[PDB]
């Protein structure tokens, strides 16, 4: 059986998730909810500044739009309690608005005429299972009603930290992600509705420090690293594409070659490995959740003690979205 999915928030993550679902057999989108009309959503699906033209035909209709002739209903309900997901057979909602990223808020979708389960496309608090595909999706059994796909940065950091910890033992660490600007930053200096005096600044014209919980919350994905990491972000003027640096001390003294070999050994469809001196535009659109860059590995040793630096790339858009849809595809197969 195909599992019918709804998208709440047809934004950067919602629209790219829709795109990837077109190539998934076990899942199909039957309903989109946002705050606008079908022509606006159909246009944003067709044309994409950073991810290119949509691969398919899109035609606006009354009450929605057709993708290759398949009608998808569009509604514009600000309150999840008012989205009649059940009318379109939706069982799983991708909660991608940025405004319901907590357990009780996501549960608003699960009313009498709503859906059955929710995947939050963001950190969702410490009382919802938080899944980085191919790092801890084993924790799912399908009975969950609300789960989280974590953040872009968590999906980048987690395979790198886990491989390094499994091989050498992370004692403590600090993370800096140099991160594309996102839709939550202001295009020009102005009041930020979340009260962030730095996200209030022109996002494409500044290096912007910002907090991020990815390192401090890593225990949701790698329990043994709870209480071991912290970090922050520098938001910079690229419209997508990011990189995560992690500096740790380890239980073992290591060489750069030994580090790079341990990362390569852990590589898979989610965690890539490169030795090419790439830049951020080269990871736009990739499907790895995290691309380890061996060219940036460093070890600083003084008096027999080492600081170790490991670096991994990610397209905060498509890398995260590929991970999100892998998790959604797996969750849908085992949902009950």
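Positions refer to the first chain, counted from 1.
Legend: mean Cα B-factor per stretch from the PDB entry, 53-61 versus 272-280; the higher mean is in 53-61. The PDB entry reports B-factors from which the mean C-alpha value can be compared for 110-118 and 187-195; the larger average falls on 110-118. Between the residues 128, 175, 238, 90, it is 90 that shows the highest Cα B-factor in the PDB record.
Of the candidates 245, 84, 95, 230, it is 84 whose Cα B-factor is highest according to the PDB record. In the deposited entry, the Cα temperature factor of residue 16 sits in the bottom third of values across the chain's modelled residues. Placement of the Cα temperature factor of residue 100 within the chain: middle third of the modelled residues, per the deposited record. Placement of the Cα temperature factor of residue 264 within the chain: middle third of the modelled residues, per the deposited record. Per-chain ranking of the deposited C-alpha B factor places residue 203 in the lowest third. Among the modelled residues of its chain, residue 299 has a C-alpha B-factor that falls in the highest third according to the deposited record.
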